[PDB]
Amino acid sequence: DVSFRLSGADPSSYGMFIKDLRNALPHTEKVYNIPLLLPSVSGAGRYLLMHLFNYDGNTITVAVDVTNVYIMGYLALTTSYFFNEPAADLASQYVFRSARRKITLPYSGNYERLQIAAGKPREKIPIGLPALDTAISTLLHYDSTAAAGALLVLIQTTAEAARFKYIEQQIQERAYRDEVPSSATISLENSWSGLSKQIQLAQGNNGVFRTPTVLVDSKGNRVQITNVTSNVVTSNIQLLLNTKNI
């Protein structure tokens, strides 16, 4: 399992956690030098457990689907929580079985539903290491409205940073001060599946995307990604959602 302690955390130790997170996701091939997540995995092998410790040393364990880096649920003390989605319900068959009770959250895990439940878009939710500490704290005591906002933070500070080096760097800059995500950060999150697909299709297309992917850059300008030479491909993205799952 992969572990992260907010007590004494600094950009370096958080860098190490995110490296571990990526290293725990299995793959058999690379496509243009980027690990390609597997089409599927059967049983409990499908799910990685992340141990997260807040500053006061309290912990949660988060279950992550290794084929797509999606959070399915988490354990907080003796209570398990799982999204209201069939994927998570299936996961509940394999992790945290020894929880004293199982609570199903009143939303699915996708950003759009989480933002509704939280009552705000992640454009206005500050993220960073302090926010992750807070998020962990919030998830320890069930509130479902507060938990939605806390999961938006957790997702972005764990999964999305694993997917993209630019996002991991954003979080490192927010090690001791939160800040809502840049628009580019949001655009990357939203393009992961698309980018993953197009990079894969590029393999029999001389490195050229079948359909260009539209991002936003750090300056706020709308940018077109058309091929694998782009820095998004060459430097930023770190994991590829397998087209079998798109």
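Each residue number is its position in the shown sequence, starting from 1.
Student: In the PDB record, does 212-220 or 182-190 carry the higher mean Cα temperature factor?
Tutor: Stretch with the greater average CA B-factor: 212-220.
Student: Which has higher Cα B-factors on average according to the PDB entry: 90-98 or 157-165?
Tutor: Here the higher of the two C-alpha B-factor means belongs to 90-98.
Student: How does residue 23 rank on Cα B-factor within its chain, lowest, middle or highest third?
Tutor: Middle third of the chain for residue 23's C-alpha B-factor.
Student: Quick check on the deposited entry: does the C-alpha B-factor of residue 130 sit in the lowest, middle or highest third of its chain?
Tutor: It falls in the bottom third of the chain.
Student: Name the third of the chain's ranked CA B-factors that contains residue 111, choosing lowest, middle or highest.
Tutor: Middle third by C-alpha B-factor.
Student: Considering every modelled residue of the chain and its Cα B-factor in the PDB entry, is residue 239 in the lowest, middle or highest third?
Tutor: Residue 239: CA B-factor falls in the lowest third of its chain.
Student: Tell me, lowest, middle or highest third: where does the Cα B factor of residue 147 rank within its chain?
Tutor: Answer is lowest: the recorded C-alpha B-factor places it there.
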